[PDB]
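Single chain ahead, written as structure tokens, the form deposited in one PDB entry.
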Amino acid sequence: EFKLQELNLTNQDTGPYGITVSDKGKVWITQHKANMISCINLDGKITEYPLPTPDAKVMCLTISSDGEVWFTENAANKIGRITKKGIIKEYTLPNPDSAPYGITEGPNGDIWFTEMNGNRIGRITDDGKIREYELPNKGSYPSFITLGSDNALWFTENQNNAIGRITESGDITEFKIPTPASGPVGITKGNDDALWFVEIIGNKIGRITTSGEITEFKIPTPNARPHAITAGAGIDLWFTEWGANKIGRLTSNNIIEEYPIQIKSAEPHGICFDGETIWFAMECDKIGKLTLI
């Protein structure tokens, strides 16, 4: 069993999507229809940051170690940044229609991101300089990206049916997933030091060690359409089932439990865990807060 609370956001049908939480306790969400980033503090103050570029399709975000928020503008071909001063800088990608998507901090503190349509991994510095690494197979659709325990970046190749690894020097290794045409999407680092990902078509959670060894676990609800995944406490992983309106949990003897979301077309997207609470973005201008026990 489990407890759920909600946070209302609603300037209208804003398309809440990506979510993260500061160690300050602040939650940040992107809102792709409203074209904005919102943060809510624990005392409930909300700040909405309209993007300078209209119809930018803001997708994913991350908080860097120095506290700034970085994000991808999927339709506007840009990486954005909200500085500590609350000012937004954007940086335009060198090739057009790159469709940046996933975003994460790397081992030396640069910001790394996938280009879905550009078929590249990007890298940007403090000072806005961009470096990019072309993927070997065309039409790979690199999607989510995370830092692995090996201090390499790991990402899903949604249409090449593989997990890629890229080191700080740009060396790429692709591990083919054993479930054909499985559609990997979310990936994250587990506390077991492997990477864990979701297969949207496969209806599986996957695990890949930093040496490339892949195991899979069948999600009980058919057509669950999992999307994002995050580590929990211990060896727990938590994931969103957009298709089934549930929150999934991999706990433990690699059992998958599911917790149905009491509400309507929640269509959960992003997910984050803060040591006690599972936070997730929901389509209907809300954020969910889930807790066990």
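In this text, residue numbers run from 1 along the sequence as written.
Not pictured, yet referred to below: the form deposited with a partner chain bound.
Peer 1: Between the options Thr179, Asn151, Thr209, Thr173, which residue brings a heavy atom to within 4.5 Å of the partner chain in the deposited complex?
Peer 2: Looking at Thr179, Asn151, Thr209, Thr173 one by one, just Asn151 meets the 4.5 Å heavy-atom criterion.
Peer 1: So which of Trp28, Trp242, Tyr49, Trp70 reaches within 4.5 angstroms of the partner chain in the deposited complex, heavy atom to heavy atom?
Peer 2: After the contact test, the surviving option is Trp242.
Peer 1: Give a yes or no for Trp279: in the deposited complex, does one of its heavy atoms lie within 4.5 Å of a heavy atom belonging to the partner chain?
Peer 2: No - in the deposited complex, heavy atoms of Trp279 and the partner chain never come within 4.5 Å of each other.
Peer 1: Can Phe273 be called a contact residue for the partner chain in the deposited complex at 4.5 Å between heavy atoms?
Peer 2: No, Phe273 stays farther than 4.5 Å from the partner chain in the deposited complex.
Peer 1: Any chance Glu283 has a heavy atom within 4.5 Å of the partner chain in the deposited complex?
Peer 2: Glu283: contacts the partner chain in the deposited complex.
Peer 1: Counting only non-hydrogen atoms and a 4.5 angstroms cut-off, does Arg249 reach the partner chain in the deposited complex?
Peer 2: Taking the distances in the deposited complex, the answer for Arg249 is no, it never comes within 4.5 Å of the partner chain.
Peer 1: Looking at the partner chain in the deposited complex, is some heavy atom of each of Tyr101, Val185 and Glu267 within 4.5 Å of it?
Peer 2: Verified in the deposited complex; spot residues all in contact, yes.
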